[PDB]
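Following: one structure in structure tokens, then a few remarks.
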Amino acid sequence: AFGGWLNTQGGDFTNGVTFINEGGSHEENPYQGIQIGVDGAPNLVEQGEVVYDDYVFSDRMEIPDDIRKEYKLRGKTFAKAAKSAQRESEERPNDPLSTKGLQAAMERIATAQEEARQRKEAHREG
Amino acid sequence: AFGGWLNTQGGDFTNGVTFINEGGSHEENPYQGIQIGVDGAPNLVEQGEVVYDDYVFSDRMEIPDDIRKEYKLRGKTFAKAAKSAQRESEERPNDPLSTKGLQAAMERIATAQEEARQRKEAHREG
Amino acid sequence: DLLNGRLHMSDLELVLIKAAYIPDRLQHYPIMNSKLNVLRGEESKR
Amino acid sequence: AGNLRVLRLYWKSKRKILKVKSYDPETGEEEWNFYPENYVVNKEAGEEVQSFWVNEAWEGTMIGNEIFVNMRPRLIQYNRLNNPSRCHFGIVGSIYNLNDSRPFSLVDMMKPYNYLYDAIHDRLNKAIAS
Amino acid sequence: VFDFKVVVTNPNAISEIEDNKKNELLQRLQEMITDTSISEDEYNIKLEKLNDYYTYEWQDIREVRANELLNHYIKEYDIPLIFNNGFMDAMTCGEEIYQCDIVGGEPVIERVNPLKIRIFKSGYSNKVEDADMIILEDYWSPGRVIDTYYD
Amino acid sequence: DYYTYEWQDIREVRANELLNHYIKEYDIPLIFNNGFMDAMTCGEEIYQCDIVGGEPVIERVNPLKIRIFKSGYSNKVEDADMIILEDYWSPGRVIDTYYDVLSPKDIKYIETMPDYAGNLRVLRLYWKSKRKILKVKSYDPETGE
Amino acid sequence: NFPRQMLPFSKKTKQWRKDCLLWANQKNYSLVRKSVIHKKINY
Amino acid sequence: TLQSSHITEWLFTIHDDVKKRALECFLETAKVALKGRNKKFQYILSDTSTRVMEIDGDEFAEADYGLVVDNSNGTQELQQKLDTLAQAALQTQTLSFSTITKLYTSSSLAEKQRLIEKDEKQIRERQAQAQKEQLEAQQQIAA
Amino acid sequence: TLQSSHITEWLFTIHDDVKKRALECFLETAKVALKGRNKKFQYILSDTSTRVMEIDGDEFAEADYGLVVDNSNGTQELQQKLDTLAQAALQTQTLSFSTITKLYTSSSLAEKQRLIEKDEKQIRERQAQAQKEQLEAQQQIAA
């Protein structure tokens, strides 16, 4: 089903990145989103968002250019920036360097997204 | 990464000398310097300084000529004098004589730097 | 080469050939190989 | 026969990787790691980097003349803990040779005497017949 | 004799890097028996199962997994007969070649026809792992192509 | 229980654990069997021990591909002042051995070779130089020794 | 001719990989192996 | 006929080397199939064997972790040294009839070593508590 | 056939000399790879074996420290003299079933010597405290 998986040679090998690539937006689903776990119990995710290691990269918000040149992100949104840092390890899921390179890249985009969210949390409350 | 290391034959061999050769000055870094340990806890070092055996050779200060002819130092600063006493043992890290010759040379430049620092401590307080 | 079954005709005579046929070349029979393979087979088991 | 020609290529490519030297946060101990080329090196922490070219095992399969499948880095990289370029394919074996030569096999050293057995038994069979 | 067992080369040499990896495994089995057991009914059944694994080492847990993988697949595939056919290739052409691949998610081991393998850039090397490029050409069943590349 | 041990016991264990693992890893008895076959053929049994990939590794040397200079009348091959080793290596073996020292133009030299066997001539010189050293006599501070 | 292996992963595209297989169909000489004509006579 | 077996022994020693390396090559292929959503490995492995993949560093050779496929004279005597040690512990009541069957169905010389060490250590603690239990019963009668 | 083995024995004695020296040469190469940031040695060595490199003087031959690679008749009898001594200590309850397995998996004649000396010295101190414990129990009843 192509999303963060390498389904070759009779197996199901992944790099850990969870492409939630079906359903639709939280407004479009009768169940209000794809549920990825009873943990909050409604862990609801939509068709654009990307999940790595229980961290969800949101497709709604976008990359500020100060957070684009710094941290060297590539995509327009944060989900589309997470889909470009996994493009190497997607077809070589079992290399140790790619698991090193993904673990480092997924942390950069994570701290980039938390940095953009604390900006917008301060932006509207001000 | 070339700094006091011989990365040959698939290994990482060093003479013990720690070239802190990235980042920048304490004024240039947001973290105020490269941290080399929680010991004082902020052990902060800059791009010029050289570390051997928990002793930091400062690049800021220079060699007085009385401390140059005596102790037979070569470089302009104390970091650049520590980079010249390690130039033999840098490419032969496993010779016993080079570990003897470095252990003796690093002590001469250390007592030279403490001698110059006690001069300047007396110089301004006078 | 003698252990690999190759006979150089220049090593056992002064040559007055280069074509692989017995009317002017010589068959080699490997009778020295079995002798050596005992001693390496004993060394395997020591 | 109704079978398909299956060609499989196994080949080592050259992958650019980065060797990053970082300092341990707790102790002043320099550390070494190997990263892919897309790694953003963390200066402001002293991470100085060098980039190397390194073997990487690849694989590809052609079926007939028109099918092209499994063209990707070989997913069993027979990896070693300290050498990033040391890998191979699944194909394991040996030549039973002597001193970098071509193998003088057991059949090869008995084939002269089998060919001579066939010539003398030919003379035997024509002597039996007449 | 065919006793091809994965052994620890130095079974009395345990390090702290092996002790930390053992502690991660033991705590991971703590969490899953915490979830899977329903409220002390079967928690002390799992607990008696887990306590005798404290006697083990990291190199013991790895040497058991390696043997269980090798014990089952030697008996499943009858691998001693695979090795007997390649030894017959060894006494004929001087070449004994085996391919290990994943087919259908299983590890599988095959012997290679020496007439249907091309070895390039090996050097003067004796071993076939030391080649930079290998081409394998054979005529396959249509069922074997669909059993191998269906996905 | 390491108080029961001695310094020579700790060293004799480390030496054996290094030798126990690598005899079984490399199957070193088969390496020695091939060189004994060289011994009964040309009278020469040569082995090279190097570091490749950070590992100690042991190889047997083809006697036709090793030049021994300034050995003297010495029987042993350790007693030579200069040895030249010339063999044709795989391009993967050159990148497995020198990846950390090959420059990008050196890697461009390897890929842009014509490749008409496709192996690289690898010449390795081993030689003894002359190093100037100093012998310093000092007195012990505590005793007059 | 065999395409360039000294490339980034971005430029190892689907036509780059198809070029390596097309070269393999173009296709044997080794230094420590006999011919396939030699081995087949032995078999 | 033993000296005629020596002439062909050289052919068997390279054969045992290929079998050693093809089984190390099969083991590493099998380590990679584990992380590919195959439920067959949940039947041929343990629970602890299923969790070795959870730790980081399962991409490398087992010989980089101290494990080697080995069919040598040292391994064959180590198996029978552990087998005769078990029967010597079976009688004299140091090893149970339950775990002697586990040594018979073990396939690992580290597994069957740990079972010999287990049953010894269980029984000696049971003998240690039985010694004090009879001693405290003797003293509480006297008290 | 023993006198025909003598004709070729001279060829084997120089072979065992090369194997002795190439293994000493391999051991010194291995001592130098230790100080090169290789984590494989953290799996094949102990913790005490990892710390021999911390002391100064690991650049020299082991024969300058008293260690020699040795495959001679004295070493082979010293191994079996220690093996039969262990089984003689196994019965009569001087050596544990735990540590007899450690002698079976030891590879060092100094290691397995220290284990025989350990279990003897532990047990004789346990017998020494058990002798006084029964004697003081006898006297405190009489007191």
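A note on labels: chains of the structure tokens are A, B, ... as shown, every chain counts residues from 1, and ligands are counted from 1 in their shown order.
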
| field | Interface list for chain E, partner chain I, 9 Å threshold, only C-alpha atoms, as a count of residues only | value | 12

| said: What's around residue D:109 at 9 Å? Count only C-alpha atoms, leave out sequence neighbours fewer than 3 positions away in its own chain, and write the answer as a list in words. | reply: residues 4, 5, 29 and 30 of chain C; 104, 105, 106, 112 and 113 of chain D

Can you write out the residues you just picked, keeping N, CA and C atoms, as a JSON list (two decimals), in the first residue's frame?
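See out22.json below for the written result:
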```json
[["chain", "number", "residue", "atom", "x", "y", "z"],
["C", 4, "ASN", "N", 49.19, -27.99, -11.29],
["C", 4, "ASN", "CA", 47.98, -27.69, -12.04],
["C", 4, "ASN", "C", 47.95, -28.38, -13.40],
["C", 5, "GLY", "N", 48.82, -29.35, -13.62],
["C", 5, "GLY", "CA", 48.73, -30.19, -14.80],
["C", 5, "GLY", "C", 49.23, -29.57, -16.07],
["C", 29, "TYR", "N", 51.13, -36.55, -16.82],
["C", 29, "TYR", "CA", 50.37, -37.38, -15.91],
["C", 29, "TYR", "C", 50.67, -36.94, -14.49],
["C", 30, "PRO", "N", 49.67, -36.53, -13.71],
["C", 30, "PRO", "CA", 49.94, -35.90, -12.40],
["C", 30, "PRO", "C", 50.22, -36.88, -11.27],
["D", 104, "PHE", "N", 42.24, -27.08, -10.96],
["D", 104, "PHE", "CA", 42.56, -28.37, -11.56],
["D", 104, "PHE", "C", 41.74, -29.40, -10.79],
["D", 105, "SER", "N", 40.58, -29.74, -11.34],
["D", 105, "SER", "CA", 39.57, -30.47, -10.59],
["D", 105, "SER", "C", 39.91, -31.96, -10.54],
["D", 106, "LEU", "N", 39.06, -32.71, -9.84],
["D", 106, "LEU", "CA", 39.26, -34.15, -9.75],
["D", 106, "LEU", "C", 38.92, -34.83, -11.07],
["D", 112, "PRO", "N", 42.27, -37.43, -18.65],
["D", 112, "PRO", "CA", 43.22, -38.11, -19.55],
["D", 112, "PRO", "C", 43.11, -39.62, -19.55],
["D", 113, "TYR", "N", 42.97, -40.23, -18.37],
["D", 113, "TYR", "CA", 42.91, -41.68, -18.28],
["D", 113, "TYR", "C", 41.55, -42.23, -18.67]]
```

So that each row is one residue of chain E with an atom at most 9 Å from chain D, can you give its shortest atom pair and the distance in Å to one decimal, using only C-alpha atoms, rows by chain and rising number, as CSV?
```
residue,atom,partner,partner_atom,distance
E:90,CA,D:96,CA,7.0
E:91,CA,D:106,CA,5.2
E:92,CA,D:107,CA,5.3
E:93,CA,D:105,CA,5.8
E:94,CA,D:96,CA,4.8
E:95,CA,D:95,CA,4.8
E:96,CA,D:93,CA,5.4
E:97,CA,D:93,CA,4.1
E:98,CA,D:92,CA,5.1
E:99,CA,D:91,CA,4.2
E:100,CA,D:90,CA,4.6
E:101,CA,D:90,CA,5.9
E:102,CA,D:76,CA,8.5
E:109,CA,D:90,CA,9.0
E:112,CA,D:91,CA,8.5
E:124,CA,D:100,CA,5.7
E:125,CA,D:100,CA,7.1
E:126,CA,D:95,CA,5.5
E:127,CA,D:94,CA,4.6
E:128,CA,D:93,CA,5.0
E:129,CA,D:92,CA,5.4
E:130,CA,D:88,CA,7.4
E:131,CA,D:88,CA,7.9
E:132,CA,D:12,CA,5.5
E:133,CA,D:11,CA,4.3
E:134,CA,D:10,CA,5.1
E:135,CA,D:9,CA,4.7
E:136,CA,D:8,CA,5.2
E:137,CA,D:7,CA,4.5
E:138,CA,D:6,CA,5.5
E:139,CA,D:5,CA,4.3
E:140,CA,D:4,CA,5.1
E:141,CA,D:3,CA,5.0
E:142,CA,D:3,CA,6.2
E:145,CA,D:4,CA,8.1
E:149,CA,D:69,CA,7.8
```

| Got a sec to pull out which chain F residues are within 9 Å of chain G, counting only C-alpha atoms, and send them as a ChimeraX atom specification? | /F:107-108,111-112,117

Taking N, CA, C and O atoms for each residue, export the selection above as a tab-separated table (two decimals), in the first residue's frame.
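See part-v3.tsv below for the written result:
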```
chain	number	residue	atom	x	y	z
F	107	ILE	N	38.52	8.59	-6.36
F	107	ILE	CA	37.33	7.82	-6.68
F	107	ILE	C	36.91	8.07	-8.13
F	107	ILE	O	36.42	7.15	-8.81
F	108	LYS	N	37.10	9.28	-8.64
F	108	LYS	CA	36.83	9.53	-10.05
F	108	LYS	C	37.85	8.85	-10.95
F	108	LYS	O	37.55	8.56	-12.11
F	111	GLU	N	36.29	5.10	-11.18
F	111	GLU	CA	35.10	4.86	-11.99
F	111	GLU	C	35.36	5.14	-13.47
F	111	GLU	O	34.78	4.49	-14.34
F	112	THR	N	36.24	6.09	-13.78
F	112	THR	CA	36.55	6.42	-15.16
F	112	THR	C	37.72	5.62	-15.71
F	112	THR	O	38.34	6.04	-16.69
F	117	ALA	N	40.13	-8.28	-17.60
F	117	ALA	CA	39.48	-8.17	-16.30
F	117	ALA	C	39.49	-6.71	-15.85
F	117	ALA	O	40.32	-5.92	-16.29
```

| request: Going by DSSP on the backbone, which bits of chain G are alpha helix (DSSP H)? Write them as a list in words, please. | output: residues 14, 15, 16, 17, 18, 19, 20, 21, 22, 23, 24, 25, 26, 36, 37, 38, 39, 40, 41 and 42 of chain G

Each residue of chain B lying at most 12 Å from chain D should get a row with its shortest atom-to-atom pair and the distance in Å to one decimal, counting only C-alpha atoms; could you produce that, ordered by chain and increasing number, as a Markdown table?
```
| residue | atom | partner | partner_atom | distance |
| --- | --- | --- | --- | --- |
| B:1 | CA | D:49 | CA | 5.8 |
| B:2 | CA | D:50 | CA | 8.7 |
| B:3 | CA | D:48 | CA | 9.4 |
| B:4 | CA | D:30 | CA | 10.9 |
| B:5 | CA | D:30 | CA | 10.5 |
| B:7 | CA | D:19 | CA | 10.6 |
| B:8 | CA | D:83 | CA | 12.0 |
| B:9 | CA | D:83 | CA | 10.1 |
| B:10 | CA | D:83 | CA | 6.7 |
| B:11 | CA | D:82 | CA | 8.2 |
| B:12 | CA | D:32 | CA | 8.4 |
| B:13 | CA | D:32 | CA | 11.5 |
| B:14 | CA | D:30 | CA | 10.5 |
| B:16 | CA | D:30 | CA | 10.4 |
| B:17 | CA | D:30 | CA | 10.8 |
| B:18 | CA | D:30 | CA | 8.3 |
| B:19 | CA | D:46 | CA | 10.2 |
| B:20 | CA | D:46 | CA | 7.1 |
| B:21 | CA | D:46 | CA | 7.1 |
| B:22 | CA | D:46 | CA | 4.7 |
| B:23 | CA | D:44 | CA | 5.0 |
| B:24 | CA | D:44 | CA | 7.9 |
| B:25 | CA | D:44 | CA | 10.4 |
| B:26 | CA | D:44 | CA | 10.7 |
| B:27 | CA | D:44 | CA | 11.9 |
| B:28 | CA | D:44 | CA | 9.1 |
| B:29 | CA | D:44 | CA | 6.2 |
| B:30 | CA | D:44 | CA | 7.2 |
| B:31 | CA | D:44 | CA | 7.1 |
| B:32 | CA | D:44 | CA | 9.1 |
| B:33 | CA | D:44 | CA | 7.9 |
| B:34 | CA | D:45 | CA | 5.7 |
| B:35 | CA | D:25 | CA | 7.2 |
| B:36 | CA | D:28 | CA | 4.2 |
| B:37 | CA | D:27 | CA | 4.5 |
| B:38 | CA | D:26 | CA | 5.3 |
| B:39 | CA | D:27 | CA | 7.9 |
| B:41 | CA | D:26 | CA | 9.2 |
| B:42 | CA | D:25 | CA | 10.4 |
| B:43 | CA | D:28 | CA | 8.9 |
| B:44 | CA | D:45 | CA | 10.6 |
| B:45 | CA | D:46 | CA | 9.6 |
| B:46 | CA | D:46 | CA | 8.9 |
| B:47 | CA | D:46 | CA | 8.3 |
| B:48 | CA | D:46 | CA | 11.7 |
| B:51 | CA | D:28 | CA | 10.0 |
| B:52 | CA | D:28 | CA | 11.0 |
| B:53 | CA | D:28 | CA | 10.2 |
| B:54 | CA | D:28 | CA | 8.5 |
| B:55 | CA | D:28 | CA | 11.6 |
| B:56 | CA | D:28 | CA | 11.9 |
```

Using only C-alpha atoms, which chain F residues lie at most 9 Å away from chain E, written as a PDB file with N, CA and C atoms, in the first residue's frame?
```pdb
ATOM      1  N   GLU F  17      41.418 -14.549  24.109  1.00  0.00           N
ATOM      2  CA  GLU F  17      40.100 -14.186  23.596  1.00  0.00           C
ATOM      3  C   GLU F  17      40.198 -13.525  22.228  1.00  0.00           C
ATOM      4  N   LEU F  18      41.265 -12.763  21.992  1.00  0.00           N
ATOM      5  CA  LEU F  18      41.515 -12.239  20.656  1.00  0.00           C
ATOM      6  C   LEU F  18      41.852 -13.359  19.679  1.00  0.00           C
ATOM      7  N   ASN F  20      41.153 -16.751  20.142  1.00  0.00           N
ATOM      8  CA  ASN F  20      40.078 -17.736  20.055  1.00  0.00           C
ATOM      9  C   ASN F  20      39.004 -17.303  19.068  1.00  0.00           C
ATOM     10  N   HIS F  21      38.626 -16.025  19.094  1.00  0.00           N
ATOM     11  CA  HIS F  21      37.542 -15.568  18.235  1.00  0.00           C
ATOM     12  C   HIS F  21      37.967 -15.514  16.777  1.00  0.00           C
ATOM     13  N   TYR F  22      39.179 -15.050  16.505  1.00  0.00           N
ATOM     14  CA  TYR F  22      39.562 -14.829  15.122  1.00  0.00           C
ATOM     15  C   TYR F  22      40.040 -16.095  14.428  1.00  0.00           C
ATOM     16  N   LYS F  24      38.339 -18.872  14.873  1.00  0.00           N
ATOM     17  CA  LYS F  24      37.038 -19.407  14.492  1.00  0.00           C
ATOM     18  C   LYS F  24      36.325 -18.526  13.481  1.00  0.00           C
ATOM     19  N   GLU F  25      36.521 -17.209  13.546  1.00  0.00           N
ATOM     20  CA  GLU F  25      35.889 -16.324  12.574  1.00  0.00           C
ATOM     21  C   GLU F  25      36.447 -16.549  11.177  1.00  0.00           C
ATOM     22  N   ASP F  87      49.582  -6.861  -6.454  1.00  0.00           N
ATOM     23  CA  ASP F  87      48.487  -7.718  -6.879  1.00  0.00           C
ATOM     24  C   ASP F  87      47.428  -6.862  -7.554  1.00  0.00           C
ATOM     25  N   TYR F  88      46.557  -7.518  -8.312  1.00  0.00           N
ATOM     26  CA  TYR F  88      45.448  -6.860  -8.992  1.00  0.00           C
ATOM     27  C   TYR F  88      44.183  -7.023  -8.161  1.00  0.00           C
ATOM     28  N   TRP F  89      43.677  -5.912  -7.642  1.00  0.00           N
ATOM     29  CA  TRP F  89      42.576  -5.915  -6.695  1.00  0.00           C
ATOM     30  C   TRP F  89      41.263  -5.548  -7.355  1.00  0.00           C
ATOM     31  N   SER F  90      40.196  -6.041  -6.755  1.00  0.00           N
ATOM     32  CA  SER F  90      38.856  -5.628  -7.104  1.00  0.00           C
ATOM     33  C   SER F  90      38.670  -4.144  -6.799  1.00  0.00           C
ATOM     34  N   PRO F  91      37.858  -3.438  -7.585  1.00  0.00           N
ATOM     35  CA  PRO F  91      37.490  -2.066  -7.198  1.00  0.00           C
ATOM     36  C   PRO F  91      36.711  -1.993  -5.900  1.00  0.00           C
ATOM     37  N   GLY F  92      35.926  -3.019  -5.575  1.00  0.00           N
ATOM     38  CA  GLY F  92      35.283  -3.068  -4.276  1.00  0.00           C
ATOM     39  C   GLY F  92      36.258  -3.282  -3.141  1.00  0.00           C
ATOM     40  N   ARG F  93      37.347  -4.009  -3.395  1.00  0.00           N
ATOM     41  CA  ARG F  93      38.343  -4.238  -2.357  1.00  0.00           C
ATOM     42  C   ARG F  93      39.171  -2.992  -2.085  1.00  0.00           C
ATOM     43  N   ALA F 117      40.132  -8.284 -17.595  1.00  0.00           N
ATOM     44  CA  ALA F 117      39.484  -8.166 -16.295  1.00  0.00           C
ATOM     45  C   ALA F 117      39.485  -6.711 -15.849  1.00  0.00           C
ATOM     46  N   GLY F 118      38.550  -6.350 -14.982  1.00  0.00           N
ATOM     47  CA  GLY F 118      38.379  -4.958 -14.616  1.00  0.00           C
ATOM     48  C   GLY F 118      38.964  -4.580 -13.277  1.00  0.00           C
ATOM     49  N   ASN F 119      40.141  -5.102 -12.969  1.00  0.00           N
ATOM     50  CA  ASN F 119      40.745  -4.991 -11.652  1.00  0.00           C
ATOM     51  C   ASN F 119      41.858  -3.953 -11.650  1.00  0.00           C
ATOM     52  N   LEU F 120      42.203  -3.486 -10.457  1.00  0.00           N
ATOM     53  CA  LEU F 120      43.154  -2.399 -10.278  1.00  0.00           C
ATOM     54  C   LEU F 120      44.480  -2.950  -9.783  1.00  0.00           C
TER      55      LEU F 120
END
```

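Of the residues under consideration (C:12, C:39, C:19, C:31), C:31 shows the shortest atom-to-atom contact distance to chain D when counting only C-alpha atoms.
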
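Of note, atom CA of residue C:10 and atom CA of residue C:28 are spaced 13.7 Å apart.
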
| stretch 57-73 of chain B surroundings by only C-alpha atoms, 10 Å radius, close-in-sequence under 4 positions cut, as a list in words |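 Using only C-alpha atoms, the neighbours found are residues 25, 45, 46, 47, 48, 49, 50, 51, 52, 77, 78, 79, 80, 81, 82, 83, 84, 85, 105, 106, 108, 109, 110, 111, 112, 113, 115, 116 and 117 of chain B.
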